[PDB]
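Asker: Following this line is upload27.cif, made up of mmCIF, N, CA and C atoms:
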```cif
data_coords
loop_
_atom_site.group_PDB
_atom_site.id
_atom_site.type_symbol
_atom_site.label_atom_id
_atom_site.label_comp_id
_atom_site.auth_asym_id
_atom_site.auth_seq_id
_atom_site.Cartn_x
_atom_site.Cartn_y
_atom_site.Cartn_z
ATOM 1 N N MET A 1 -69.303 -87.775 25.634
ATOM 2 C CA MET A 1 -70.764 -87.812 25.900
ATOM 3 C C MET A 1 -71.245 -86.490 26.489
ATOM 4 N N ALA A 2 -70.593 -86.054 27.563
ATOM 5 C CA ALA A 2 -70.957 -84.805 28.224
ATOM 6 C C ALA A 2 -70.063 -83.657 27.768
ATOM 7 N N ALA A 3 -69.195 -83.934 26.798
ATOM 8 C CA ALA A 3 -68.286 -82.920 26.277
ATOM 9 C C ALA A 3 -67.939 -83.188 24.818
ATOM 10 N N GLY A 4 -68.463 -84.286 24.282
ATOM 11 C CA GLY A 4 -68.203 -84.636 22.898
ATOM 12 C C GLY A 4 -69.398 -84.375 22.003
ATOM 13 N N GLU A 5 -69.722 -83.099 21.809
ATOM 14 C CA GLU A 5 -70.854 -82.715 20.972
ATOM 15 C C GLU A 5 -70.782 -81.236 20.604
ATOM 16 N N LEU A 6 -70.115 -80.454 21.451
ATOM 17 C CA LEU A 6 -69.966 -79.021 21.226
ATOM 18 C C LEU A 6 -71.330 -78.338 21.186
ATOM 19 N N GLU A 7 -71.833 -77.961 22.361
ATOM 20 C CA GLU A 7 -73.135 -77.302 22.475
ATOM 21 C C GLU A 7 -74.235 -78.141 21.821
ATOM 22 N N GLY A 8 -74.405 -77.975 20.511
ATOM 23 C CA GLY A 8 -75.417 -78.722 19.787
ATOM 24 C C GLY A 8 -75.246 -78.608 18.285
ATOM 25 N N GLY A 9 -76.360 -78.493 17.569
ATOM 26 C CA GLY A 9 -76.306 -78.371 16.123
ATOM 27 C C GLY A 9 -76.077 -76.940 15.673
ATOM 28 N N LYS A 10 -76.383 -75.993 16.554
ATOM 29 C CA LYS A 10 -76.221 -74.571 16.256
ATOM 30 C C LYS A 10 -74.764 -74.207 15.933
ATOM 31 N N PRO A 11 -73.786 -74.635 16.762
ATOM 32 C CA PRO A 11 -72.370 -74.314 16.533
ATOM 33 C C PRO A 11 -71.809 -74.995 15.293
ATOM 34 N N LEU A 12 -71.889 -76.322 15.268
ATOM 35 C CA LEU A 12 -71.385 -77.107 14.145
ATOM 36 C C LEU A 12 -71.897 -76.556 12.818
ATOM 37 N N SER A 13 -73.097 -75.990 12.844
ATOM 38 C CA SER A 13 -73.703 -75.426 11.642
ATOM 39 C C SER A 13 -73.039 -74.107 11.258
ATOM 40 N N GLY A 14 -72.727 -73.293 12.260
ATOM 41 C CA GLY A 14 -72.093 -72.012 12.007
ATOM 42 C C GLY A 14 -70.640 -71.991 12.435
ATOM 43 N N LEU A 15 -70.003 -73.158 12.418
ATOM 44 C CA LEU A 15 -68.603 -73.274 12.808
ATOM 45 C C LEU A 15 -67.699 -72.607 11.781
ATOM 46 N N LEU A 16 -67.740 -73.107 10.547
ATOM 47 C CA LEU A 16 -66.923 -72.553 9.473
ATOM 48 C C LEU A 16 -67.174 -71.055 9.341
ATOM 49 N N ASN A 17 -68.320 -70.617 9.855
ATOM 50 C CA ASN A 17 -68.700 -69.211 9.820
ATOM 51 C C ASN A 17 -67.933 -68.420 10.873
ATOM 52 N N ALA A 18 -68.028 -68.866 12.122
ATOM 53 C CA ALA A 18 -67.340 -68.214 13.231
ATOM 54 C C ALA A 18 -65.829 -68.240 13.024
ATOM 55 N N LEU A 19 -65.319 -69.416 12.665
ATOM 56 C CA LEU A 19 -63.889 -69.624 12.447
ATOM 57 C C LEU A 19 -63.277 -68.568 11.529
ATOM 58 N N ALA A 20 -64.118 -67.842 10.801
ATOM 59 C CA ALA A 20 -63.639 -66.805 9.891
ATOM 60 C C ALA A 20 -62.778 -65.781 10.628
ATOM 61 N N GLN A 21 -61.473 -66.034 10.670
ATOM 62 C CA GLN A 21 -60.538 -65.136 11.337
ATOM 63 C C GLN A 21 -59.808 -64.262 10.322
ATOM 64 N N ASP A 22 -59.380 -64.874 9.223
ATOM 65 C CA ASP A 22 -58.671 -64.154 8.173
ATOM 66 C C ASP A 22 -59.380 -64.313 6.830
ATOM 67 N N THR A 23 -60.261 -63.367 6.520
ATOM 68 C CA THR A 23 -61.005 -63.397 5.266
ATOM 69 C C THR A 23 -60.233 -62.696 4.155
ATOM 70 N N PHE A 24 -59.790 -61.475 4.434
ATOM 71 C CA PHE A 24 -59.033 -60.689 3.467
ATOM 72 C C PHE A 24 -58.355 -59.509 4.152
ATOM 73 N N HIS A 25 -58.993 -58.998 5.201
ATOM 74 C CA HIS A 25 -58.455 -57.871 5.952
ATOM 75 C C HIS A 25 -58.932 -57.906 7.401
ATOM 76 N N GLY A 26 -60.113 -58.482 7.616
ATOM 77 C CA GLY A 26 -60.661 -58.575 8.957
ATOM 78 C C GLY A 26 -61.838 -57.642 9.171
ATOM 79 N N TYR A 27 -63.028 -58.216 9.308
ATOM 80 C CA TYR A 27 -64.238 -57.428 9.520
ATOM 81 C C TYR A 27 -64.355 -56.988 10.978
ATOM 82 N N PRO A 28 -64.898 -55.780 11.224
ATOM 83 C CA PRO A 28 -65.067 -55.255 12.583
ATOM 84 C C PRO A 28 -66.082 -56.063 13.384
ATOM 85 N N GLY A 29 -66.771 -56.974 12.701
ATOM 86 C CA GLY A 29 -67.764 -57.804 13.357
ATOM 87 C C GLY A 29 -67.179 -59.095 13.898
ATOM 88 N N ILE A 30 -66.733 -59.965 12.996
ATOM 89 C CA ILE A 30 -66.152 -61.244 13.386
ATOM 90 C C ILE A 30 -64.722 -61.067 13.901
ATOM 91 N N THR A 31 -64.373 -61.822 14.939
ATOM 92 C CA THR A 31 -63.038 -61.752 15.525
ATOM 93 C C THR A 31 -62.581 -63.134 15.987
ATOM 94 N N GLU A 32 -61.267 -63.316 16.102
ATOM 95 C CA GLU A 32 -60.703 -64.595 16.525
ATOM 96 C C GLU A 32 -61.290 -65.054 17.857
ATOM 97 N N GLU A 33 -61.310 -64.162 18.838
ATOM 98 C CA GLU A 33 -61.851 -64.495 20.150
ATOM 99 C C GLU A 33 -63.372 -64.426 20.135
ATOM 100 N N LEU A 34 -63.912 -63.891 19.047
ATOM 101 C CA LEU A 34 -65.355 -63.749 18.887
ATOM 102 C C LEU A 34 -65.991 -65.018 18.323
ATOM 103 N N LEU A 35 -65.251 -65.741 17.481
ATOM 104 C CA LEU A 35 -65.778 -66.954 16.856
ATOM 105 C C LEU A 35 -66.341 -67.929 17.886
ATOM 106 N N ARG A 36 -65.654 -68.092 19.012
ATOM 107 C CA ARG A 36 -66.123 -68.989 20.044
ATOM 108 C C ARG A 36 -67.383 -68.433 20.693
ATOM 109 N N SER A 37 -67.307 -67.184 21.135
ATOM 110 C CA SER A 37 -68.441 -66.533 21.772
ATOM 111 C C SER A 37 -69.628 -66.468 20.818
ATOM 112 N N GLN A 38 -69.340 -66.603 19.525
ATOM 113 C CA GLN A 38 -70.366 -66.546 18.492
ATOM 114 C C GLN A 38 -71.355 -67.704 18.608
ATOM 115 N N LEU A 39 -70.842 -68.929 18.724
ATOM 116 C CA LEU A 39 -71.708 -70.101 18.822
ATOM 117 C C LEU A 39 -71.305 -71.029 19.967
ATOM 118 N N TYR A 40 -70.001 -71.206 20.171
ATOM 119 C CA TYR A 40 -69.511 -72.086 21.233
ATOM 120 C C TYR A 40 -68.835 -71.298 22.354
ATOM 121 N N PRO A 41 -69.626 -70.782 23.315
ATOM 122 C CA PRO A 41 -69.092 -70.020 24.444
ATOM 123 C C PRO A 41 -68.429 -70.928 25.473
ATOM 124 N N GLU A 42 -68.604 -72.234 25.292
ATOM 125 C CA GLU A 42 -68.024 -73.217 26.198
ATOM 126 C C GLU A 42 -66.544 -73.417 25.904
ATOM 127 N N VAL A 43 -66.189 -73.390 24.623
ATOM 128 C CA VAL A 43 -64.808 -73.569 24.214
ATOM 129 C C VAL A 43 -64.019 -72.283 24.398
ATOM 130 N N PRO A 44 -62.772 -72.383 24.887
ATOM 131 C CA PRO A 44 -61.932 -71.229 25.097
ATOM 132 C C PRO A 44 -61.154 -70.860 23.838
ATOM 133 N N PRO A 45 -60.735 -69.588 23.714
ATOM 134 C CA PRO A 45 -59.971 -69.107 22.555
ATOM 135 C C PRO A 45 -58.562 -69.697 22.490
ATOM 136 N N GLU A 46 -58.371 -70.852 23.125
ATOM 137 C CA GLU A 46 -57.072 -71.518 23.137
ATOM 138 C C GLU A 46 -57.233 -73.025 22.941
ATOM 139 N N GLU A 47 -58.208 -73.609 23.636
ATOM 140 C CA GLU A 47 -58.468 -75.043 23.543
ATOM 141 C C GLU A 47 -59.473 -75.351 22.436
ATOM 142 N N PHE A 48 -59.613 -74.421 21.498
ATOM 143 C CA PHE A 48 -60.540 -74.590 20.382
ATOM 144 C C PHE A 48 -59.953 -75.497 19.305
ATOM 145 N N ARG A 49 -58.631 -75.463 19.170
ATOM 146 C CA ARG A 49 -57.937 -76.258 18.163
ATOM 147 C C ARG A 49 -58.226 -77.756 18.296
ATOM 148 N N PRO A 50 -58.037 -78.355 19.494
ATOM 149 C CA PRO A 50 -58.288 -79.785 19.704
ATOM 150 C C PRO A 50 -59.655 -80.214 19.193
ATOM 151 N N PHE A 51 -60.647 -79.342 19.341
ATOM 152 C CA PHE A 51 -61.989 -79.649 18.871
ATOM 153 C C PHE A 51 -62.045 -79.523 17.356
ATOM 154 N N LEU A 52 -61.226 -78.621 16.819
ATOM 155 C CA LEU A 52 -61.153 -78.411 15.383
ATOM 156 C C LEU A 52 -60.348 -79.524 14.727
ATOM 157 N N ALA A 53 -59.788 -80.416 15.540
ATOM 158 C CA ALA A 53 -59.010 -81.532 15.016
ATOM 159 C C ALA A 53 -59.842 -82.318 14.012
ATOM 160 N N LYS A 54 -61.152 -82.124 14.089
ATOM 161 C CA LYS A 54 -62.093 -82.781 13.193
ATOM 162 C C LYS A 54 -62.931 -81.741 12.453
ATOM 163 N N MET A 55 -62.688 -80.469 12.768
ATOM 164 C CA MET A 55 -63.418 -79.363 12.152
ATOM 165 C C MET A 55 -62.464 -78.306 11.585
ATOM 166 N N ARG A 56 -61.207 -78.686 11.360
ATOM 167 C CA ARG A 56 -60.210 -77.753 10.830
ATOM 168 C C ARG A 56 -60.060 -77.898 9.319
ATOM 169 N N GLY A 57 -60.222 -79.123 8.826
ATOM 170 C CA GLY A 57 -60.092 -79.373 7.402
ATOM 171 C C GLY A 57 -60.990 -78.478 6.572
ATOM 172 N N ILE A 58 -62.145 -78.130 7.124
ATOM 173 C CA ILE A 58 -63.101 -77.278 6.426
ATOM 174 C C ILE A 58 -62.775 -75.802 6.625
ATOM 175 N N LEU A 59 -62.036 -75.504 7.691
ATOM 176 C CA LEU A 59 -61.656 -74.130 8.003
ATOM 177 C C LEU A 59 -60.688 -73.585 6.956
ATOM 178 N N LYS A 60 -59.609 -74.321 6.709
ATOM 179 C CA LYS A 60 -58.607 -73.904 5.733
ATOM 180 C C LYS A 60 -59.153 -74.000 4.311
ATOM 181 N N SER A 61 -60.238 -74.747 4.147
ATOM 182 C CA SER A 61 -60.854 -74.924 2.836
ATOM 183 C C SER A 61 -61.732 -73.733 2.466
ATOM 184 N N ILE A 62 -62.573 -73.312 3.401
ATOM 185 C CA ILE A 62 -63.479 -72.194 3.166
ATOM 186 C C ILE A 62 -62.808 -70.841 3.415
ATOM 187 N N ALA A 63 -62.041 -70.748 4.495
ATOM 188 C CA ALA A 63 -61.369 -69.500 4.849
ATOM 189 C C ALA A 63 -60.040 -69.310 4.119
ATOM 190 N N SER A 64 -59.095 -70.214 4.364
ATOM 191 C CA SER A 64 -57.764 -70.121 3.763
ATOM 192 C C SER A 64 -57.760 -70.412 2.262
ATOM 193 N N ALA A 65 -58.730 -71.184 1.782
ATOM 194 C CA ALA A 65 -58.780 -71.527 0.362
ATOM 195 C C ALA A 65 -59.987 -70.915 -0.343
ATOM 196 N N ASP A 66 -61.113 -70.835 0.361
ATOM 197 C CA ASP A 66 -62.337 -70.277 -0.210
ATOM 198 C C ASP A 66 -62.775 -71.075 -1.432
ATOM 199 N N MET A 67 -63.681 -72.025 -1.218
ATOM 200 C CA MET A 67 -64.179 -72.867 -2.300
ATOM 201 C C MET A 67 -65.655 -72.603 -2.573
ATOM 202 N N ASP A 68 -66.199 -73.318 -3.555
ATOM 203 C CA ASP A 68 -67.602 -73.176 -3.925
ATOM 204 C C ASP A 68 -68.323 -74.516 -3.813
ATOM 205 N N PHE A 69 -69.551 -74.572 -4.316
ATOM 206 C CA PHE A 69 -70.338 -75.798 -4.265
ATOM 207 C C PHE A 69 -69.782 -76.842 -5.230
ATOM 208 N N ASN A 70 -70.145 -78.105 -4.997
ATOM 209 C CA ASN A 70 -69.696 -79.218 -5.833
ATOM 210 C C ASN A 70 -68.199 -79.476 -5.662
ATOM 211 N N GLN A 71 -67.509 -78.558 -4.987
ATOM 212 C CA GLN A 71 -66.077 -78.698 -4.752
ATOM 213 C C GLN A 71 -65.814 -79.266 -3.362
ATOM 214 N N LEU A 72 -66.548 -78.762 -2.375
ATOM 215 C CA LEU A 72 -66.399 -79.222 -0.999
ATOM 216 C C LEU A 72 -67.236 -80.472 -0.754
ATOM 217 N N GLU A 73 -68.273 -80.647 -1.568
ATOM 218 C CA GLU A 73 -69.162 -81.800 -1.448
ATOM 219 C C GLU A 73 -68.366 -83.100 -1.391
ATOM 220 N N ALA A 74 -67.345 -83.200 -2.234
ATOM 221 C CA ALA A 74 -66.505 -84.388 -2.279
ATOM 222 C C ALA A 74 -65.433 -84.336 -1.197
ATOM 223 N N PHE A 75 -65.190 -83.139 -0.670
ATOM 224 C CA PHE A 75 -64.190 -82.948 0.373
ATOM 225 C C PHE A 75 -64.675 -83.494 1.710
ATOM 226 N N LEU A 76 -65.971 -83.377 1.963
ATOM 227 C CA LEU A 76 -66.540 -83.858 3.214
ATOM 228 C C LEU A 76 -66.341 -85.355 3.379
ATOM 229 N N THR A 77 -66.244 -86.072 2.266
ATOM 230 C CA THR A 77 -66.036 -87.508 2.319
ATOM 231 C C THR A 77 -64.751 -87.800 3.074
ATOM 232 N N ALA A 78 -63.851 -86.819 3.058
ATOM 233 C CA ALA A 78 -62.569 -86.926 3.740
ATOM 234 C C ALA A 78 -62.744 -86.793 5.247
ATOM 235 N N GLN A 79 -63.747 -86.020 5.648
ATOM 236 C CA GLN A 79 -64.033 -85.799 7.060
ATOM 237 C C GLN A 79 -64.706 -87.015 7.682
ATOM 238 N N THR A 80 -65.141 -87.939 6.834
ATOM 239 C CA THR A 80 -65.817 -89.138 7.302
ATOM 240 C C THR A 80 -64.989 -90.395 7.035
ATOM 241 N N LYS A 81 -63.758 -90.207 6.561
ATOM 242 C CA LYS A 81 -62.870 -91.334 6.275
ATOM 243 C C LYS A 81 -61.536 -91.176 6.997
ATOM 244 N N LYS A 82 -61.208 -89.942 7.371
ATOM 245 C CA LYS A 82 -59.958 -89.661 8.071
ATOM 246 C C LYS A 82 -59.879 -90.455 9.371
ATOM 247 N N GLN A 83 -58.698 -90.472 9.989
ATOM 248 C CA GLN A 83 -58.508 -91.193 11.248
ATOM 249 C C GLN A 83 -59.577 -90.794 12.259
ATOM 250 N N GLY A 84 -60.612 -91.621 12.366
ATOM 251 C CA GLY A 84 -61.701 -91.332 13.278
ATOM 252 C C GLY A 84 -62.723 -90.412 12.643
ATOM 253 N N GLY A 85 -62.287 -89.199 12.308
ATOM 254 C CA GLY A 85 -63.164 -88.232 11.679
ATOM 255 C C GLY A 85 -64.424 -87.974 12.472
ATOM 256 N N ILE A 86 -65.369 -87.288 11.844
ATOM 257 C CA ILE A 86 -66.629 -86.958 12.485
ATOM 258 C C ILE A 86 -67.685 -88.019 12.203
ATOM 259 N N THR A 87 -68.851 -87.857 12.814
ATOM 260 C CA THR A 87 -69.946 -88.800 12.634
ATOM 261 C C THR A 87 -70.973 -88.262 11.642
ATOM 262 N N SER A 88 -71.948 -89.093 11.289
ATOM 263 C CA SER A 88 -72.988 -88.694 10.346
ATOM 264 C C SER A 88 -73.773 -87.496 10.871
ATOM 265 N N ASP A 89 -73.749 -87.305 12.187
ATOM 266 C CA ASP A 89 -74.456 -86.192 12.809
ATOM 267 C C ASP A 89 -73.777 -84.867 12.478
ATOM 268 N N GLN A 90 -72.447 -84.878 12.462
ATOM 269 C CA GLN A 90 -71.675 -83.679 12.153
ATOM 270 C C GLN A 90 -71.637 -83.429 10.649
ATOM 271 N N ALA A 91 -71.254 -84.456 9.896
ATOM 272 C CA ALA A 91 -71.170 -84.357 8.443
ATOM 273 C C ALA A 91 -72.485 -83.879 7.839
ATOM 274 N N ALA A 92 -73.569 -84.026 8.593
ATOM 275 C CA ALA A 92 -74.886 -83.608 8.133
ATOM 276 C C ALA A 92 -74.979 -82.094 8.006
ATOM 277 N N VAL A 93 -74.413 -81.383 8.977
ATOM 278 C CA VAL A 93 -74.450 -79.927 8.964
ATOM 279 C C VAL A 93 -73.290 -79.333 8.163
ATOM 280 N N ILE A 94 -72.123 -79.978 8.219
ATOM 281 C CA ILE A 94 -70.954 -79.483 7.498
ATOM 282 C C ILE A 94 -71.142 -79.603 5.990
ATOM 283 N N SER A 95 -71.687 -80.732 5.538
ATOM 284 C CA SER A 95 -71.929 -80.959 4.109
ATOM 285 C C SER A 95 -72.762 -79.833 3.500
ATOM 286 N N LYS A 96 -73.386 -79.047 4.363
ATOM 287 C CA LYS A 96 -74.245 -77.947 3.943
ATOM 288 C C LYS A 96 -73.460 -76.645 3.760
ATOM 289 N N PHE A 97 -72.149 -76.717 3.964
ATOM 290 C CA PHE A 97 -71.269 -75.550 3.848
ATOM 291 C C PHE A 97 -71.499 -74.718 2.578
ATOM 292 N N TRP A 98 -72.119 -75.287 1.540
ATOM 293 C CA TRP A 98 -72.348 -74.515 0.313
ATOM 294 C C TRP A 98 -73.824 -74.422 -0.071
ATOM 295 N N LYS A 99 -74.677 -75.244 0.532
ATOM 296 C CA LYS A 99 -76.099 -75.210 0.211
ATOM 297 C C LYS A 99 -76.845 -74.248 1.130
ATOM 298 N N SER A 100 -76.262 -73.981 2.292
ATOM 299 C CA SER A 100 -76.871 -73.083 3.266
ATOM 300 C C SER A 100 -76.871 -71.641 2.762
ATOM 301 N N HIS A 101 -76.060 -71.368 1.743
ATOM 302 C CA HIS A 101 -75.965 -70.021 1.189
ATOM 303 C C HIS A 101 -76.243 -70.010 -0.314
ATOM 304 N N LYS A 102 -76.687 -71.144 -0.852
ATOM 305 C CA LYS A 102 -76.986 -71.245 -2.273
ATOM 306 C C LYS A 102 -78.304 -71.983 -2.518
ATOM 307 N N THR A 103 -79.328 -71.640 -1.740
ATOM 308 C CA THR A 103 -80.642 -72.264 -1.882
ATOM 309 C C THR A 103 -81.756 -71.222 -1.805
ATOM 310 N N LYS A 104 -81.996 -70.705 -0.604
ATOM 311 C CA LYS A 104 -83.029 -69.694 -0.399
ATOM 312 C C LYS A 104 -82.422 -68.296 -0.460
ATOM 313 N N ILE A 105 -81.249 -68.207 -1.077
ATOM 314 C CA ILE A 105 -80.536 -66.936 -1.211
ATOM 315 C C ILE A 105 -81.314 -65.945 -2.069
ATOM 316 N N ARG A 106 -81.109 -66.015 -3.381
ATOM 317 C CA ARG A 106 -81.786 -65.114 -4.303
ATOM 318 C C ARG A 106 -83.032 -65.767 -4.894
ATOM 319 N N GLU A 107 -83.074 -67.095 -4.848
ATOM 320 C CA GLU A 107 -84.208 -67.852 -5.375
ATOM 321 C C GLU A 107 -84.424 -67.559 -6.859
ATOM 322 N N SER A 108 -83.872 -68.418 -7.712
ATOM 323 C CA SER A 108 -84.007 -68.255 -9.156
ATOM 324 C C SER A 108 -83.782 -69.583 -9.876
#
```
Kindly transcribe the structure held in the file into structure tokens.

Answerer:
Amino acid sequence: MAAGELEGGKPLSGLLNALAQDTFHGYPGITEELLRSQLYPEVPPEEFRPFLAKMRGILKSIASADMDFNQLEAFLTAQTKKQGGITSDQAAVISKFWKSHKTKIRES
């Protein structure tokens, strides 16, 4: 209640974004210890994993696997069926992992 939400909607929305630790070589902008400070300054660069226990499946999918739209859409169903998993509040922002960058992007 007072610790089961992770800041708010801002982090969960840019979680898979911050988590970007190993893209291909490592950008001078994003960093492992930076991902937390990026959106979740409350979580430490060590106790972040336990929270990712429900936000890690998407990490290895976008970062370690790098997927596209229509591919992760069906993957999120796993985040809402797994042992406990996340709630409709979280799945709401995560399900956007491919629409947040494929809507008002180039507009065509």

Asker: Enter the distance from CA of residue 19 in chain A to CA of residue 5 in chain A, in Å, rounded to one decimal.

Answerer: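 Between these atoms lies a distance of 17.1 Å.
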
Asker: Find the distance between CA of residue 31 in chain A and CA of residue 18 in chain A and write it in Å to one decimal.

Answerer: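 Computed distance, CA of residue 31 in chain A to CA of residue 18 in chain A, equals 8.1 Å.
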
Asker: From the list A:53, A:59, A:3, A:20, which residue is nearest residue 84 in chain A when using only C-alpha atoms?

Answerer: A:53

Asker: Might you pull out every residue within 8 Å of residue 70 in chain A, with all atoms listed in the file counted and same-chain residues fewer than 3 positions away left off, and present them as a list in words?

Answerer: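 Non-adjacent residues within range: residues 67, 73, 74, 75, 98 and 99 of chain A.
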
Asker: For this structure, which residues satisfy the selection - the PyMOL selection byres (((chain A and resi 100-106 and name CA) around 12) and name CA) - when it is evaluated on the file as given? I want them as a list in words.

Answerer: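 Going through the file, the PyMOL selection byres (((chain A and resi 100-106 and name CA) around 12) and name CA) ends up selecting residues 13, 14, 16, 17, 68, 69, 70, 92, 93, 94, 95, 96, 97, 98, 99, 107 and 108 of chain A.
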
Asker: Can you tell me, as a count of residues only, what residues are no more than 12 Å from residue 32 in chain A when counting only C-alpha atoms, ignoring any on the same chain fewer than 4 positions away?

Answerer: 17

Asker: Just asking: which residues within chain A are helix (DSSP H, G or I) according to DSSP, as a PyMOL selection string?

Answerer: chain A and resi 9-13+15-18+32-39+48-52+59-65+76-79+88-94

Asker: CA of residue 77 in chain A and CA of residue 41 in chain A, how far apart in Å?

Answerer: 28.4 Å

Asker: Give as a PyMOL selection string the set of residues within 8 Å of the point (-57.0, -67.2, 3.0), where distances use the file's coordinates and all atoms listed in the file.

Answerer: chain A and resi 22-24+60+62-66
